[PDB]
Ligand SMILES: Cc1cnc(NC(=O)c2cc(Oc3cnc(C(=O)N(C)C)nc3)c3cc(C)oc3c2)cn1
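For reference, the chain that follows is the form deposited without this ligand, supplied as structure tokens.
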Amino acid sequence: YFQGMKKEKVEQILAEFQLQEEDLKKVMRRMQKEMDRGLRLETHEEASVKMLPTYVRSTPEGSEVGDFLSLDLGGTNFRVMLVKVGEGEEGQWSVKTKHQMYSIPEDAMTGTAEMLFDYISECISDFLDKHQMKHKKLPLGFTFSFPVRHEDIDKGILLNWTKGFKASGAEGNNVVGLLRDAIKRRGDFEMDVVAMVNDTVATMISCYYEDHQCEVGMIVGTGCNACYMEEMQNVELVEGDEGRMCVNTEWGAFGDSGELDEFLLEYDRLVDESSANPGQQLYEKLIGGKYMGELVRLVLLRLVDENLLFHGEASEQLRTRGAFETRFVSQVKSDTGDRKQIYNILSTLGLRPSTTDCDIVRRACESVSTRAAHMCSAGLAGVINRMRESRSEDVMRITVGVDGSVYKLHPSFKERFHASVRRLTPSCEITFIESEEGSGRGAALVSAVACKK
């Protein structure tokens, strides 16, 4: 049969995306070597994986209560949230009270740091206006999801933008300062910026009240990263040898020194070469929702060239960079051969899809998505296995808090991810939980502990 012949040929093109268990162990071990290097004074500057100290400590610590503004920059949108923090019969609960999401126009994104933060300030103002509380002066917590060198919980230098951010005059500067300045320049409201955390960190924190075993935070959204509670004595960059501190791996930059060269496909190199940060964030580029749809687009385009898809004719849309969105990937079924959604997606893209085109698009989506899950699983496994060694436990029971557009909305991803992590982590009992408003709530909780002065 003809449609079978096309699918066999497709499958041989997509086999390239496979990763054997030994490929994943190789990646996992390489990741562990970079983590080791990032944690040590002598190799920290040259590590691809930076392992940044967050100054979020395991020490039970005094907390204020009340209302906090949480800002969240670094996902799809910028989010502003009122969060209530209070004491419970056990620990400290947090509850989202109000929330608004804002898109950020491309210009405010690739202009100056000042434009970007001015834009941020307008949105905050708009949200204060909506709830008539421009008069109040709140403690603000800032989830800012990019590589930051912290000197403390409320002072951090941006190391570099990732995920397509390009605002000039931001790198090397104090991010909290940029925000305070922008709010200052505006006038119509006041805020005490008291904390700044990575999204991985906020997410971990948000999950503590419900499960004291949560010591890993993971994000698979636009970007991909993880934080974990490291033995204070292994944190060579911070004085102290008791208890634990949250380390922000910034594992997205894994591969930035060649570590992944043998696994990169032409689609990967194409995506990297055309990105805002070529040569950087190579691991993230295999996984992140910012890149996943675009990888799929390049695969489809290859299949068209081989005359296996769309009768070798691609609409101008499909030939447009970024036209295949990541959400389309998540709107693609798996265990059921449903073609409805794919047919609609592809029609809107200006294509006349056959039943067979749909099935092939679904396989392309599965292939890219599945390799993302597998690659991601080697990183988390590397982390968790290392914690097991570092805590010298025969069996380690650990809870991982997860957030992000991709883990939450891609059902096939979640399942492939869990199974792969688990095969790679013998003698660890891993519980996964999806945080709810993890970024907003996590940030308020940190702000609460910071306000207590």
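The first residue of the shown sequence is 1; numbering continues from there.
Quick one: higher average CA temperature factor, 279-287 or 96-104?
Mean CA B-factor is higher for 96-104.
Greater mean Cα temperature factor according to the PDB record, 60-68 or 421-429
Stretch with the greater average CA B-factor: 60-68.
Taking the values straight from the PDB record, which of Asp272, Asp359, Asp256, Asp129 has the highest C-alpha temperature factor?
It is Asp129.
Between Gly172, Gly164, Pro147, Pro353, where does the Cα B-factor run highest in the record?
The listed residue with the largest C-alpha B-factor is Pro353.
Test of reading the entry: by CA B factor among the chain's modelled residues, which third contains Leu41?
Middle third by C-alpha B-factor.
So where's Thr222 on the chain's Cα temperature factor ranking, which third?
Its C-alpha B-factor, which the entry lists for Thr222, ranks in the lowest third among residues of this chain.
Is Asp199 in the lowest, middle or highest third of its chain when residues are ranked by C-alpha B-factor?
For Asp199, the deposited C-alpha B-factor lands in the lowest third.
So where's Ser392 on the chain's Cα temperature factor ranking, which third?
Highest third.
Could you say whether, by C-alpha temperature factor, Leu237 belongs to the lowest, middle or highest third of its chain?
Ranked within chain, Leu237 CA B lands in the lowest tercile.
A second form of this protein, the form deposited with this ligand bound, is not displayed here; the remarks below concern that form.
Shown-form site status with respect to this ligand as positioned in the deposited complex after superposition (2.4 Å backbone/C-beta criterion, 3+ atoms)
If you fit this ligand onto this chain using the C-alphas around its site, the pocket comes out blocked.
Interface residue in the deposited complex among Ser63, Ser420, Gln32, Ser412, criterion: non-hydrogen atom within 4.5 angstroms of this ligand:
For this set of options, the contacting one is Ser63.
Name the single residue among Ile120, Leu178, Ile153, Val193 that comes within 4.5 Å of this ligand in the deposited complex, judging by heavy atoms.
Selected option: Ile153.
Interface membership of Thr59, this ligand in the deposited complex, 4.5 Å heavy atom rule
Close contact exists here: in the deposited complex, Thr59 approaches this ligand to within 4.5 Å, heavy atoms only.
Given that this ligand is not shown alongside this chain, does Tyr209 nevertheless sit within 4.5 Å of it in the deposited complex, heavy atom to heavy atom?
Taking the distances in the deposited complex, the answer for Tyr209 is yes, it comes within 4.5 Å of this ligand.
Partner contact for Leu349 in the deposited complex: this ligand, 4.5 angstroms, heavy atom
Judged by the heavy-atom cut-off of 4.5 Å, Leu349 is well away from this ligand in the deposited complex.
Quick check on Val85: any heavy atom within 4.5 Å of this ligand in the deposited complex?
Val85: yes, in contact with this ligand in the deposited complex.
Report the stretch among 440-448, 19-27, 6-14, 427-435 that approaches this ligand in the deposited complex to within 4.5 Å, counting heavy atoms only.
So the stretch in question is 440-448.
Across 190-222, which residues bring a heavy atom to within 4.5 Å of this ligand in the deposited complex?
Going through 190-222 in order - heavy atoms within 4.5 Å of this ligand in the deposited complex - the hits are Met204, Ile205, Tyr208, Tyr209, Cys214, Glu215.
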